[PDB]
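So this one's entry-v6.txt, compact mmCIF, N, CA and C atoms:
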```
# COMPACT_ATOMS: atom_id res chain seq x y z
N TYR A 1 -9.77 -0.83 -4.41
CA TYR A 1 -8.67 -1.72 -4.16
C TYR A 1 -8.30 -1.64 -2.71
N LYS A 2 -8.18 -2.78 -2.06
CA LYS A 2 -7.90 -2.82 -0.63
C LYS A 2 -8.99 -2.03 0.08
N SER A 3 -10.21 -2.18 -0.41
CA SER A 3 -11.40 -1.53 0.11
C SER A 3 -11.26 -0.01 0.26
N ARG A 4 -10.52 0.60 -0.64
CA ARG A 4 -10.30 2.02 -0.71
C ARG A 4 -10.59 2.57 -2.09
N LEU A 5 -11.09 3.79 -2.15
CA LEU A 5 -11.35 4.36 -3.46
C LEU A 5 -10.15 5.05 -4.06
N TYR A 6 -9.85 4.60 -5.26
CA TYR A 6 -8.80 5.08 -6.10
C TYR A 6 -9.35 5.62 -7.40
N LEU A 7 -8.67 6.59 -7.96
CA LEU A 7 -9.02 7.11 -9.27
C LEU A 7 -7.89 6.83 -10.19
N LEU A 8 -8.20 6.22 -11.32
CA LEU A 8 -7.17 5.88 -12.28
C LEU A 8 -7.44 6.56 -13.61
N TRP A 9 -6.47 7.29 -14.16
CA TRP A 9 -6.76 7.94 -15.43
C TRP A 9 -5.59 8.11 -16.37
N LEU A 10 -5.88 8.24 -17.65
CA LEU A 10 -4.82 8.40 -18.63
C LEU A 10 -4.70 9.83 -19.11
N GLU A 11 -3.47 10.35 -19.11
CA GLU A 11 -3.20 11.70 -19.59
C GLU A 11 -2.30 11.73 -20.82
N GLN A 12 -2.52 12.74 -21.66
CA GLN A 12 -1.75 12.94 -22.88
C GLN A 12 -0.91 14.21 -22.90
N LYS A 13 0.38 14.06 -23.15
CA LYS A 13 1.26 15.21 -23.25
C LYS A 13 1.77 15.41 -24.67
N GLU A 14 1.68 16.64 -25.17
CA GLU A 14 2.13 16.91 -26.53
C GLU A 14 3.62 17.20 -26.61
N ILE A 15 4.32 16.42 -27.44
CA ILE A 15 5.75 16.54 -27.63
C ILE A 15 6.19 16.80 -29.05
N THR A 16 7.08 17.76 -29.16
CA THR A 16 7.67 18.12 -30.43
C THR A 16 8.92 17.24 -30.67
N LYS A 17 8.98 16.58 -31.82
CA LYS A 17 10.09 15.71 -32.19
C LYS A 17 10.80 16.20 -33.44
N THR A 18 10.31 19.84 -37.39
CA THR A 18 9.86 18.97 -36.31
C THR A 18 8.48 18.40 -36.63
N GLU A 19 8.01 17.51 -35.78
CA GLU A 19 6.69 16.91 -35.92
C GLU A 19 6.06 16.75 -34.55
N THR A 20 4.74 16.62 -34.52
CA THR A 20 4.06 16.46 -33.25
C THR A 20 3.68 15.02 -32.97
N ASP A 21 3.98 14.57 -31.76
CA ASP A 21 3.62 13.25 -31.29
C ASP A 21 3.19 13.35 -29.84
N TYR A 22 2.80 12.23 -29.25
CA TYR A 22 2.32 12.30 -27.88
C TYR A 22 2.87 11.26 -26.94
N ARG A 23 3.07 11.72 -25.72
CA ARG A 23 3.47 10.89 -24.60
C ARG A 23 2.30 10.56 -23.71
N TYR A 24 2.22 9.31 -23.29
CA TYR A 24 1.12 8.96 -22.41
C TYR A 24 1.51 8.42 -21.05
N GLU A 25 0.77 8.89 -20.06
CA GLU A 25 1.00 8.51 -18.68
C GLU A 25 -0.27 8.14 -17.95
N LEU A 26 -0.16 7.19 -17.06
CA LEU A 26 -1.28 6.76 -16.28
C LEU A 26 -1.12 7.28 -14.87
N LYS A 27 -2.16 7.86 -14.31
CA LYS A 27 -2.04 8.34 -12.95
C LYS A 27 -3.02 7.71 -12.02
N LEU A 28 -2.58 7.53 -10.79
CA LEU A 28 -3.42 6.95 -9.76
C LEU A 28 -3.42 7.71 -8.45
N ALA A 29 -4.59 8.02 -7.93
CA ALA A 29 -4.69 8.77 -6.66
C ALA A 29 -5.73 8.14 -5.77
N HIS A 30 -5.63 8.34 -4.46
CA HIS A 30 -6.62 7.74 -3.57
C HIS A 30 -7.01 8.55 -2.37
N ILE A 31 -8.13 8.17 -1.81
CA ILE A 31 -8.60 8.79 -0.59
C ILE A 31 -7.86 8.32 0.63
N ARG A 32 -7.46 9.27 1.45
CA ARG A 32 -6.80 9.08 2.72
C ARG A 32 -7.87 9.03 3.82
N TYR A 33 -7.50 8.65 5.03
CA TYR A 33 -8.52 8.51 6.06
C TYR A 33 -9.19 9.81 6.45
N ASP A 34 -8.51 10.93 6.31
CA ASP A 34 -9.09 12.19 6.71
C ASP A 34 -9.92 12.83 5.60
N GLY A 35 -10.10 12.14 4.48
CA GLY A 35 -10.90 12.65 3.39
C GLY A 35 -10.09 13.38 2.35
N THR A 36 -8.82 13.60 2.60
CA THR A 36 -8.02 14.27 1.61
C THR A 36 -7.54 13.25 0.63
N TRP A 37 -7.02 13.71 -0.48
CA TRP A 37 -6.51 12.84 -1.51
C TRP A 37 -5.02 12.84 -1.57
N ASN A 38 -4.46 11.71 -1.96
CA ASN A 38 -3.03 11.64 -2.10
C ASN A 38 -2.62 12.23 -3.43
N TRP B 1 21.66 -9.02 10.23
CA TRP B 1 22.76 -8.76 11.15
C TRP B 1 23.34 -10.08 11.59
N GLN B 2 24.49 -10.44 11.06
CA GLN B 2 24.99 -11.78 11.30
C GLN B 2 23.87 -12.73 10.87
N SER B 3 23.34 -13.53 11.80
CA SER B 3 22.30 -14.50 11.50
C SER B 3 20.90 -14.06 11.91
N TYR B 4 20.75 -12.81 12.33
CA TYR B 4 19.45 -12.31 12.77
C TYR B 4 18.75 -11.50 11.68
N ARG B 5 17.41 -11.50 11.70
CA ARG B 5 16.66 -10.65 10.77
C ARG B 5 15.70 -9.75 11.52
N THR B 6 15.88 -8.45 11.37
CA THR B 6 15.02 -7.49 12.07
C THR B 6 14.05 -6.80 11.15
N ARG B 7 12.77 -6.89 11.48
CA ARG B 7 11.76 -6.26 10.65
C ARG B 7 11.89 -4.76 10.74
N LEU B 8 11.92 -4.11 9.59
CA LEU B 8 12.06 -2.66 9.54
C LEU B 8 10.78 -1.89 9.25
N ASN B 9 9.84 -2.51 8.56
CA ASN B 9 8.63 -1.81 8.15
C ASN B 9 7.42 -2.53 8.69
N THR B 10 6.26 -2.08 8.30
CA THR B 10 5.02 -2.72 8.70
C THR B 10 3.99 -2.64 7.62
N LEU B 11 3.14 -3.64 7.56
CA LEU B 11 2.06 -3.64 6.60
C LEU B 11 0.73 -3.50 7.29
N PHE B 12 0.79 -3.19 8.57
CA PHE B 12 -0.41 -3.07 9.35
C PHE B 12 -1.36 -2.07 8.79
N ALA B 13 -0.87 -0.88 8.48
CA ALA B 13 -1.75 0.15 8.00
C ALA B 13 -2.44 -0.29 6.72
N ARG B 14 -1.77 -1.05 5.87
CA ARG B 14 -2.43 -1.42 4.64
C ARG B 14 -3.61 -2.33 4.88
N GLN B 15 -3.50 -3.20 5.86
CA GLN B 15 -4.61 -4.10 6.12
C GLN B 15 -5.68 -3.36 6.92
N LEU B 16 -5.24 -2.38 7.69
CA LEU B 16 -6.13 -1.60 8.49
C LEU B 16 -7.09 -0.84 7.63
N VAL B 17 -6.66 -0.41 6.46
CA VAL B 17 -7.54 0.37 5.61
C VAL B 17 -8.82 -0.34 5.34
N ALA B 18 -8.77 -1.62 5.04
CA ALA B 18 -10.02 -2.27 4.78
C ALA B 18 -10.86 -2.38 6.03
N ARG B 19 -10.24 -2.68 7.16
CA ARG B 19 -11.02 -2.84 8.38
C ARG B 19 -11.66 -1.55 8.81
N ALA B 20 -10.95 -0.49 8.55
CA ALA B 20 -11.28 0.87 8.88
C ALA B 20 -12.51 1.36 8.17
N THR B 21 -12.97 0.65 7.16
CA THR B 21 -14.12 1.09 6.42
C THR B 21 -15.38 1.00 7.25
N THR B 22 -15.33 0.32 8.39
CA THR B 22 -16.49 0.22 9.25
C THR B 22 -16.37 1.17 10.44
N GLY B 23 -15.31 1.99 10.47
CA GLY B 23 -15.12 2.95 11.54
C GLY B 23 -14.25 2.50 12.71
N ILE B 24 -14.19 3.38 13.70
CA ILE B 24 -13.33 3.31 14.87
C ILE B 24 -13.56 2.08 15.69
N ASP B 25 -14.79 1.70 15.81
CA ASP B 25 -15.14 0.55 16.59
C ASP B 25 -14.38 -0.68 16.10
N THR B 26 -14.09 -0.76 14.79
CA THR B 26 -13.35 -1.89 14.28
C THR B 26 -11.87 -1.60 14.40
N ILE B 27 -11.48 -0.37 14.11
CA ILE B 27 -10.07 0.00 14.08
C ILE B 27 -9.40 -0.28 15.39
N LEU B 28 -10.08 0.03 16.47
CA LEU B 28 -9.51 -0.15 17.79
C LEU B 28 -9.85 -1.49 18.43
N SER B 29 -10.46 -2.41 17.70
CA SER B 29 -10.82 -3.71 18.27
C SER B 29 -9.64 -4.66 18.47
N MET B 30 -9.83 -5.64 19.35
CA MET B 30 -8.83 -6.69 19.52
C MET B 30 -8.59 -7.49 18.27
N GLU B 31 -9.60 -7.70 17.45
CA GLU B 31 -9.35 -8.47 16.25
C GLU B 31 -8.35 -7.76 15.35
N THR B 32 -8.45 -6.44 15.27
CA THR B 32 -7.57 -5.62 14.45
C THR B 32 -6.15 -5.75 14.93
N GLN B 33 -5.99 -5.83 16.23
CA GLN B 33 -4.68 -5.90 16.84
C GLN B 33 -4.00 -7.24 16.64
N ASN B 34 -4.71 -8.20 16.04
CA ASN B 34 -4.20 -9.51 15.75
C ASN B 34 -3.86 -9.71 14.28
N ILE B 35 -3.72 -8.61 13.56
CA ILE B 35 -3.26 -8.68 12.18
C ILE B 35 -1.86 -9.22 12.09
N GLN B 36 -1.68 -10.14 11.15
CA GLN B 36 -0.40 -10.77 10.91
C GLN B 36 0.28 -10.21 9.67
N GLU B 37 1.60 -10.20 9.74
CA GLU B 37 2.51 -9.72 8.73
C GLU B 37 3.39 -10.86 8.21
N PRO B 38 3.91 -10.79 6.98
CA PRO B 38 4.71 -11.82 6.36
C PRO B 38 6.02 -12.03 7.05
N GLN B 39 6.50 -13.26 7.00
CA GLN B 39 7.76 -13.65 7.60
C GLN B 39 8.95 -13.02 6.90
N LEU B 40 10.04 -12.90 7.62
CA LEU B 40 11.20 -12.24 7.08
C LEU B 40 12.12 -13.11 6.27
N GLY B 41 11.69 -13.36 5.05
CA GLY B 41 12.46 -14.14 4.10
C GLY B 41 12.32 -15.63 4.29
N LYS B 42 13.18 -16.37 3.61
CA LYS B 42 13.15 -17.81 3.67
C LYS B 42 13.32 -18.21 5.11
N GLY B 43 12.46 -19.09 5.58
CA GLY B 43 12.50 -19.53 6.95
C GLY B 43 11.18 -20.14 7.31
N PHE B 44 11.03 -20.46 8.56
CA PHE B 44 9.83 -21.12 9.03
C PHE B 44 9.58 -20.83 10.47
N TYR B 45 8.40 -21.14 10.93
CA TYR B 45 8.11 -20.93 12.33
C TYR B 45 8.10 -22.25 13.03
N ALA B 46 8.52 -22.25 14.28
CA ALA B 46 8.48 -23.48 15.05
C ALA B 46 8.27 -23.22 16.52
N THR B 47 7.69 -24.22 17.16
CA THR B 47 7.42 -24.18 18.57
C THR B 47 8.32 -25.11 19.32
N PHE B 48 8.92 -24.56 20.34
CA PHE B 48 9.80 -25.29 21.20
C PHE B 48 9.21 -25.27 22.58
N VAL B 49 8.86 -26.42 23.10
CA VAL B 49 8.28 -26.40 24.40
C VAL B 49 9.37 -26.87 25.32
```
Translate the structure of the given file into structure tokens.
Amino acid sequence: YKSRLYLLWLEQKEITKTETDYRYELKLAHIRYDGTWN
Amino acid sequence: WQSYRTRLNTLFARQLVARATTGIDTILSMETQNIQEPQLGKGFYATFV
């Protein structure tokens, strides 16, 4: 995107409500000009 | 400010990223220095000679 490499991924978090259920989050990270990642 | 609008940020770096994929020779070029940014809200440009 915008001629830059990004990594997009889905993560799962376990939550007690008892009963077990899950929370989901999407994360996005990218390469900076010096080669490090954000 | 009253009737004036002052740009506070820049989008240059975002457009630079794509140009930058070819290296320094592009980054520091005159073409790069001619990147345009969006106008500050409703309005228009005009020439007065």
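The chain B residues that come within 8 Å of chain A are residues 14, 15, 16, 17, 18, 19 and 21 of chain B, with only N, CA and C atoms taken into account.
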Between CA of residue 7 (chain B) and CA of residue 32 (chain B), distance in Å (one decimal): 19.7 Å
- prompt: DSSP says strand (DSSP E) for which residues of chain A? Put them as number ranges by chain?
  reply: A: 6-16, 20-30
Point-to-point distance in Å for atom C of residue 23 (chain B) and CA of residue 38 (chain A):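 Distance reported for this atom pair: 20.7 Å.
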Atom-to-atom span, CA of residue 31 (chain B) and CA of residue 37 (chain A), Å: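 Result for CA of residue 31 (chain B) versus CA of residue 37 (chain A): 27.9 Å, one decimal.
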Using only N, CA and C atoms, which residues sit within 8 Å of residue 11 (chain B) once same-chain residues fewer than 6 positions away are excluded, as an mmCIF file with N, CA and C atoms, keeping the file's coordinate frame?
```cif
data_model
loop_
_atom_site.group_PDB
_atom_site.id
_atom_site.type_symbol
_atom_site.label_atom_id
_atom_site.label_comp_id
_atom_site.auth_asym_id
_atom_site.auth_seq_id
_atom_site.Cartn_x
_atom_site.Cartn_y
_atom_site.Cartn_z
ATOM 1 N N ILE B 35 -3.720 -8.610 13.560
ATOM 2 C CA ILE B 35 -3.260 -8.680 12.180
ATOM 3 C C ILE B 35 -1.860 -9.220 12.090
ATOM 4 N N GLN B 36 -1.680 -10.140 11.150
ATOM 5 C CA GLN B 36 -0.400 -10.770 10.910
ATOM 6 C C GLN B 36 0.280 -10.210 9.670
ATOM 7 N N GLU B 37 1.600 -10.200 9.740
ATOM 8 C CA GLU B 37 2.510 -9.720 8.730
ATOM 9 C C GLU B 37 3.390 -10.860 8.210
ATOM 10 N N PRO B 38 3.910 -10.790 6.980
ATOM 11 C CA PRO B 38 4.710 -11.820 6.360
ATOM 12 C C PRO B 38 6.020 -12.030 7.050
#
```
